[PDB]
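Just the one chain here, the form deposited in one PDB entry, laid out as structure tokens.
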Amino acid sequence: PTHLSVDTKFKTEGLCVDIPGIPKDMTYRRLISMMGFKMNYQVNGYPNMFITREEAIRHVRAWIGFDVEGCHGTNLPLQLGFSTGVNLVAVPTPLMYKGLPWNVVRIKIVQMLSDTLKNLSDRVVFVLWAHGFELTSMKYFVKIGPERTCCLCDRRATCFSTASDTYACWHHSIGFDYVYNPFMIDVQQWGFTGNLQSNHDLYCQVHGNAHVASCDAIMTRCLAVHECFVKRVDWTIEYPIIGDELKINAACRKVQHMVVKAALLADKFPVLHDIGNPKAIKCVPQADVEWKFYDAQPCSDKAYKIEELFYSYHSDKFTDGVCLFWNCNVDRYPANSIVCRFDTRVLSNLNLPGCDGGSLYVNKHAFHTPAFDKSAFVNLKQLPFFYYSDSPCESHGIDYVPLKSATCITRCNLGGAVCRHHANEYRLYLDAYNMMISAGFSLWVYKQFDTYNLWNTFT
């Protein structure tokens, strides 16, 4: 039960305005045949063009919304819309391209998908709200067959060239003219009432309808992300390493230890309220403080209301000591907080566009994150960069130019000359910090926080 049986029934009601007379009784097998493709009873790794919801969720990085609108069916021009914002007009002879034959339109489709997907995924999943013209247009830019490898590398083939008769992955496809063995899913098969816009607009106010194909493509993918990652959540699903996941995750643990250790040293809070992941461990295990944990899963829909987290009656006195919100997204942080908050607006290979201004951050697991909101931090200030160490100045065991920095908070810098060990550790910490910030994480702290208070923790 891993792949979608071609003998599964497909509901055709959504197709019958573009394809009048379409049979009510329809399988994937007969739909694929109707789309002009032949599957030849092939056991060669491509059992169906269409995939299950579970398979689609495992391949979220591959998702490309796709819509086709009648522009005036072989007689008339077609507007091809993609969740990339691209609109192409194909003639049978926000970006909006003038009408051109299929032989040149297919070249632009391969370039667009290859540049979008090469750093994300080994495939494409076309996310549909299928009404018929999108399915009958696939024969003009898709070829299918056995699973293949790239002509220049070991990656599976995603593109075909009629010029050279060869196959390529997204990395090696320059000049290629056909999409090869795409996948697709029709969201309309999931059991909705009413049209795309009415279902999309229940959950999201950020994607409008300009009545162009790319708008529908964007709304379709947005609705699918809502259904699979907002209303439903699965943190058991692991996703492949495609980038700096491991360095980012390590940097996060190092920065969290540094910042909390320094806040406790600087302001000597008697209690810390650690609000968020129910799996969280003490990030500063040697600290003197009373460490109290409060369980909150990562919110995927709306930021938590601080009133619901804290009130309904716990130390209960969250105004005592300091509150730690490490990726615990709330509408408004209390004044006595240490905060790490993911900025959903960040461009990266890990951060995919999401629902209602939220983003889908995929790093080992998929986390749909509510829209970044600057107003959440009104009681706090941005945490400045600093490095603190009480460790002995001792090298042990890479070449040196002497470090000069006001933000190297060590005995040796207090003494007027940074030692090689603390210089090496500072530069490693600065790289880790810049990695985590570049990844989209933002750091906020209570307004009284002052690194000047750390110098007297050496005497």
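Start at 1 with the first residue shown and count on from there.
**Q** Using the PDB record, quantify the missing residues of the deposited sequence between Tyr313 and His314 as none, 1 to 3, 4 to 9, or 10 or more.
**A** Count of unmodelled residues in between: 1 to 3.
**Q** Pick one of none, 1 to 3, 4 to 9 or 10 or more for the number of deposited-sequence residues not modelled between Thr93 and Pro94.
**A** The entry has a long gap there, with 10 or more residues left out between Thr93 and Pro94.
**Q** Would you tell me which stretch averages the higher CA B-factor in the PDB entry, 277 to 285 or 242 to 250?
**A** If you average the C-alpha B-factors of 277 to 285 and of 242 to 250, the larger mean comes out for 277 to 285.
**Q** Looking only at CA atoms, which has the higher mean B factor in the entry: 211 to 219 or 254 to 262?
**A** Going by the record's values, the stretch with the higher mean is 211 to 219.
**Q** Quiz for you: based on the deposited Cα B-factor, which of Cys150, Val89, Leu352, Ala303 is highest?
**A** Among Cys150, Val89, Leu352, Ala303, the PDB entry lists the largest C-alpha B-factor for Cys150.
**Q** In terms of CA temperature factor as recorded, identify the highest of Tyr97, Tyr333, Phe160, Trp170.
**A** Max CA B-factor in the entry, restricted to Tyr97, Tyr333, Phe160, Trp170: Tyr97.
**Q** What third of its chain's C-alpha B-factors does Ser405 belong to: lowest, middle or highest?
**A** Middle third, going by the recorded CA B-factors of the chain.
**Q** Sorting the chain's modelled residues by C-alpha B-factor, tell me whether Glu307 ends up in the lowest, middle or highest third.
**A** Tercile = highest for this residue's CA B-factor.
**Q** Of the three thirds of its chain by CA temperature factor, lowest, middle or highest, which one includes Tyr28?
**A** Tercile = lowest for this residue's CA B-factor.
**Q** Pull the Cα B-factor of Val322 out of the PDB entry and bin it into the chain's lowest, middle or highest third.
**A** For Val322, whose C-alpha B-factor we compare with every modelled residue in the chain, the answer is the lowest third.
**Q** Where does the C-alpha B-factor of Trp63 rank in its chain, lowest, middle or highest third?
**A** Bottom third by C-alpha B-factor.
Absent from the display: the form solved in complex with a small molecule. The rest refers to it.
**Q** Among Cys151, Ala376, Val212, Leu383, which has any heavy atom within 4.5 Å of the small molecule in the bound PDB entry?
**A** In short, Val212.
**Q** How about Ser173: is it within 4.5 Å of the small molecule in the bound PDB entry, going by heavy atoms?
**A** Output for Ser173 is no: heavy atoms all beyond 4.5 Å of the small molecule.
**Q** Taking heavy atoms and a 4.5 Å cut-off, does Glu55 contact the small molecule in the bound PDB entry?
**A** Contact check for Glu55: no, nothing within 4.5 Å of the small molecule in the bound PDB entry.
**Q** I'd like to know whether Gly70 contacts the small molecule in the bound PDB entry, with contact meaning heavy atoms within 4.5 angstroms.
**A** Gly70: contacts the small molecule in the bound PDB entry.
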